[PDB]
Amino acid sequence: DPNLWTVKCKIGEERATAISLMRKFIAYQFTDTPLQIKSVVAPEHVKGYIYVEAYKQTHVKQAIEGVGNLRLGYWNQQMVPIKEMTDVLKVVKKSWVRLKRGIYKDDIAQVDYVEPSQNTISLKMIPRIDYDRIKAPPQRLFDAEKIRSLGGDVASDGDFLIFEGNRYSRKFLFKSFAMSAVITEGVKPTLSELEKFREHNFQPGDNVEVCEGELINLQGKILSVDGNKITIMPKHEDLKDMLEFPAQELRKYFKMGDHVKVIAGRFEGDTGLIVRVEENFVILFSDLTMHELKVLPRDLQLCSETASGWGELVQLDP
Amino acid sequence: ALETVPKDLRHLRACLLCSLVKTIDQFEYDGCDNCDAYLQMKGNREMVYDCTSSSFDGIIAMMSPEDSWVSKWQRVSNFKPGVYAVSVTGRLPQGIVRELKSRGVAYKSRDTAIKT
DNA sequence: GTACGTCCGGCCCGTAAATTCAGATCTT
RNA sequence: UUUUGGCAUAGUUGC
DNA sequence: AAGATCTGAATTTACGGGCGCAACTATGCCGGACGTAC
Ligand SMILES: [Zn+2]
């Protein structure tokens, strides 16, 4: 069978190189200078170089002759080894999207109206503009009074507005954008973006118990961490051998009167000491204040650093 | 059926025989919905690349070819409903065309574009 | 419609190790 | 009311 | 006796160092893309 050979190409012009080589093959397939290569591969995400299928390197060199885009691979070519030719063709994979091009790149966009025409969708955006004041920018709320005052390309219809390259806004940009110019898969915005428009956290050194199974009620110190099925290596009390536990079987148990910090929630950022551990309500006193803070066992971590809890002289007025 | 309709617009490719427009995933997992028995592009991506087009102009969403004048103009009256391409840039290799001809299927180009 | 301007992508020397030849402790 | 700064290439020159 | 292999002993490339300080002047990234303005 023939073999694939790597040829360096102009970046961003690999598909065009494949099309040009196909046209070159078809043009000269009946002449006295045939292209003895078999196929040309320009993958979708592989940028910078293409692959040529042939039994010889000399065939590749004589086939790419006259192609300027491949001149940087003309003198020398590198073969794809045999075991790895199956990986060249291997391919993998009121909502929110993120624009690909323009000044609004990778900015959260609430899909306001989806057009069944399958060309563009209406998107709600926060404008990253200077209101035609600096140009002759961070996200901020759309100010229609400012763009009315400064003038320029501005058309006002009460709350609705057209401006600066047919950008459409209402009360917040509301503009149509190409569906292929946005990403619909893997945005997952945050609570702050909701306002604008399970989880496992184990760390080394923390103390965890066992809530179920034949190894129940064994408290040990965390060594390693992984994603979902941790297969943890906990240093238990009076046990020199290291056992295995997933994330689901464990729980962030802590003995009474030890350093505790809050990872997330309303009580995040506060350090202190737990007084009594109930089944799940763990009550603690902060290092700053002596108020009762009740937390879940999972929202507790073992860190020994002192609390932060600054105090500068500033001029309110002269 | 809905299996023929493309899921999205990214990597839309028009077939070189029937002008059928589908995504690359649909070509990989189902081949051609009209003449895959004559082309056999299911189960092989390189066959899809050699038998489909990356450049097409115009889309026709045909529901009823049996009573469509557009199908008569585009010669696609005897095919199944779907999404087809008005103009398709590309050409099969001589081997596939010869193999089709030996089976009694002459390859008729869908490049109906006016080239200057 | 064209182009331009300007923001984003690309001699020594001693060592020193590698190359070449007769004990040697075998096998016959 | 009290500052500070290019560097690292090449050349030339002095004892 | 022979014949190995076979293991310590003459010959070829490759880094890699290469005077003190001190003073002066002298020179030193761009190309395509996307948009504005006209
Ligand atoms: Zn086909």
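By convention in this document, chain letters (A, B, ...) are assigned in the order of the sequence lines, proteins followed by strands, and residues within each chain are numbered from 1. When reading the values below, keep in mind they use all heavy atoms of this one structure, side chains included, and skip hydrogens, waters and symmetry mates.
Adjacent nucleotides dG20(E) and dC21(E) meet the stacking criterion of ring centres closer than 5.5 angstrom and planes inclined by less than 30 degrees.
Listed by chain and number, the residues in a side chain to side chain contact (heavy atoms under 4.5 Å, CB included) with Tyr38(B) are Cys35(B), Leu100(B), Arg103(B), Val105(B) (sequence neighbours excluded). A search for salt bridge (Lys or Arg N to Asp or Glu O under 4.0 Å) contacts involving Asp226(A) returns nothing, not counting sequence neighbours. Under the salt bridge (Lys or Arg N to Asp or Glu O under 4.0 Å) criterion, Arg298(A) pairs with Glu199(A), not counting sequence neighbours.
Between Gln315(A) atom CD and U1(D) atom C1' the separation is 15 Å, expressed in whole Å. Here the P atom of nucleotide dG9(C) and the CD1 atom of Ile11(A) are 11 Å apart, to the nearest Å. Between the CZ atom of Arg167(A) and the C1' atom of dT36(E) there is a distance of 14 Å, given to the nearest Å. Residue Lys105(A) contributes atom NZ, which lies 14 Å from atom P of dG35(E) at whole-angstrom precision. Between the P atom of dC8(C) and the CZ atom of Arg101(A) lies a distance of 13 Å, rounded to the nearest Å. Look at CD on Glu13(A): it is 12 Å from P on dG10(C), rounded to the nearest Å. In this entry the distance linking CD1 of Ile134(A) with P of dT36(E) reads 15 Å, nearest Å. Rounded to an integer number of Å, the gap from CG of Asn166(A) to P of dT36(E) is 11 Å.
Comment: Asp206(A) engages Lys252(A) in a salt bridge, judged by a side-chain N to carboxylate O separation of less than 4.0 angstrom. Ion pair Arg167(A)/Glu164(A) not flagged as a salt bridge, since none of the NZ, NE, NH1 or NH2 atoms sits closer than 4.0 Å to an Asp/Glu carboxylate oxygen. Using a 4.0 Å cut-off between charged nitrogen and carboxylate oxygen, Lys47(A) and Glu14(A) do not count as a salt-bridge pair.
The base-pairing partner of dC6(E), taking Watson-Crick or G-U wobble contacts with both distances under 3.5 Å, does not exist among the strands shown. Across all strands shown, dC34(E) is found opposite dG5(C) as a Watson-Crick or G-U wobble partner, with both distances under 3.5 Å. Pair assignment for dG10(C): none, as no Watson-Crick or G-U wobble contacts are both less than 3.5 Å.
Of the candidates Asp33(B), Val88(B), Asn34(B), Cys18(B) forms a side-chain contact (heavy atoms from CB on, under 4.5 Å) with just one, namely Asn34(B).
Counting only residues at least two apart or on different chains, the side-chain hydrogen bond (donor to acceptor under 3.5 Å, both in side chains) pairs with a member in residues 128-138 of chain A are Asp107(A)-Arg128(A).
Here the separation of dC19(E) from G11(D), taken at their P atoms, is 15 Å to the nearest Å. Annotation: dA10(E) and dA22(C) have their P atoms spaced 12 Å apart (nearest Å). For the P atoms, the distance linking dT2(C) with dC29(E) amounts to 35 Å, nearest Å. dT25(E) and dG5(C) are spaced 36 Å apart, taking the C1' atom of each and rounding to whole Å. Annotation: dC11(C) and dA14(E) have their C1' atoms spaced 15 Å apart (nearest Å). If you take atom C1' in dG10(C) and the same atom in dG32(E), they sit 11 Å apart, rounded to whole Å. Distance check on atom P: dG20(E) versus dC12(C) gives 22 Å, rounded to whole Å. Rounded to whole Å, the P atom of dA17(C) lies 23 Å from the corresponding atom of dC6(E).
Nucleotide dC24(E) carries a north sugar pucker, as its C1'-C2'-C3'-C4' torsion angle is positive. In terms of the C1'-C2'-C3'-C4' torsion, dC21(C) has a south-puckered sugar. The angle is below zero. For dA22(E), the sugar pucker falls north, since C1'-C2'-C3'-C4' comes out positive. In terms of the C1'-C2'-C3'-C4' torsion, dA4(E) has a north-puckered sugar. The angle is above zero. A negative value of the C1'-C2'-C3'-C4' dihedral assigns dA33(E) to the south, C2'-endo side.
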For residues 83-99 of chain A, which side-chain donor-acceptor pairs fall under 3.5 Å, sequence neighbours excluded?
residue: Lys94(A); atom: NZ; partner: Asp112(A); partner atom: O; Å: 3.0
residue: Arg98(A); atom: NE; partner: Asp106(A); partner atom: O; Å: 3.2
residue: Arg98(A); atom: NH2; partner: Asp106(A); partner atom: O; Å: 2.7

(message) Could you spell out the base pairing of RNA chain D as a dot-bracket line? Use Watson-Crick and G-U wobble contacts where both distances are under 3.5 Å, [ ] for crossing pairs, | for partners on a different strand.
(response) ......|||||||||
